[PDB]
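The lines below spell out each chain.
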Amino acid sequence: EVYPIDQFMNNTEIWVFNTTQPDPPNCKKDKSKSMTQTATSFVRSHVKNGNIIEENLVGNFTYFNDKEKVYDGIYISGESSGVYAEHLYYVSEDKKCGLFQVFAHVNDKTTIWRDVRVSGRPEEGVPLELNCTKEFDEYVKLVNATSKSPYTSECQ
């Protein structure tokens, strides 16, 4: 069914825990700032050559699903990795794990990938909901993609 991306993104820190993005930078995370009824303002952060880069972005809520009552996606203008749309298509029962379809365009090159994102700092001995990670693993096998985790406990 459909999970409110506006609720998932209303968390202090959302980390990219696993991704099929090719060669992803380390320590990818979003930090919420504020939301209106129709858009969220947030800081998208990652590390490049030891430097923390922070982009102040606006995600405009929209609908991938048919019934158009629950926001499940955002449009993004000017994102530095070329991501123009993100579709939240699954969230765990405990609301800590979310699966994303990511649509990107840079330099006459248009790509898609998928993420497991975690609504908080992952722990040492607390695994994510099994259906969440397994559904992602099913996709990774189906498209024969390579998956990587941008996260380490050393991430600021």
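Scroll up to find the structure.
Engineer: Teacher, can you tell me more about the packing of aromatic side chains here?
Structural biologist: A ring pair, where both rings are aromatic, is described by two values, the distance of the centres and the angle of the planes. Counted according to the given criterion, the structure contains 7 aromatic pairs. Between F8 and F100 the ring centres are 5.7 Å apart and the planes differ by 55°, which places this aromatic pair in the tilted class. Highlighted residues: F8 in helix α1 (residues 5–8) and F100 in strand β7 (residues 97–106), separated in sequence by 92 residues. Accessibility assignment for this pair places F8 and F100 in one class, buried. Aromatic side chains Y84 and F103 sit 6.2 Å apart centroid to centroid with 45° between the ring planes, which places their arrangement in the tilted category. Remark: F103 occurs in strand β7 and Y84 occurs in strand β6 (residues 83–91); sequence separation between them is 19 residues. For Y84, a relative accessible area of 31% gives the class partly exposed. Three or more aromatic residues link up through ring pairs in this structure, and these residues are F61, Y63 and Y71. The residue whose ring lies beneath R117 is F100, and the NZ or CZ to ring-centre distance is 4.1 Å.

Engineer: What is the right way to read the pattern of salt bridges from this model?
Structural biologist: Tallying each qualifying case throughout the model produces 7 salt bridges. Of the charged contacts in the structure, one is a salt bridge between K31 and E54, with a shortest N-O distance of 3.0 Å. Taken as a pair, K31 in strand β2 (residues 26–35) and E54 in strand β4 (residues 51–62) lie far apart in primary sequence, 23 residues in all. Note on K31: relative accessible area 25%, which makes it partly exposed. Note that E79 and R44 form a salt bridge whose closest N and O atoms lie 3.1 Å from each other. Highlighted residues: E79 in the loop between β5 (73–76) and β6 and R44 in strand β3 (residues 39–48), separated in sequence by 35 residues. On the basis of relative accessible area, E79 is assigned to the buried category, the value being 7%.

Procedures and definitions
Residues numbered from 1 in each chain as written, not as in the entry; some residues may be left out. Heavy atoms only, no water. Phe/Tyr/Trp six-rings, centres within 6.5 Å; stacked < 30°, edge-to-face > 60°. Helix = DSSP H or I, 4+ residues; strand = E, 2+ residues; numbered from the N terminus. Buried < 20%, exposed > 50% of the residue type's maximum accessible area, 1.4 Å probe, protein only. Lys NZ or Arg CZ within 6 Å of the ring centre and 35° of its normal. Salt bridge = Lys/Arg side-chain N within 4 Å of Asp/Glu carboxyl O.

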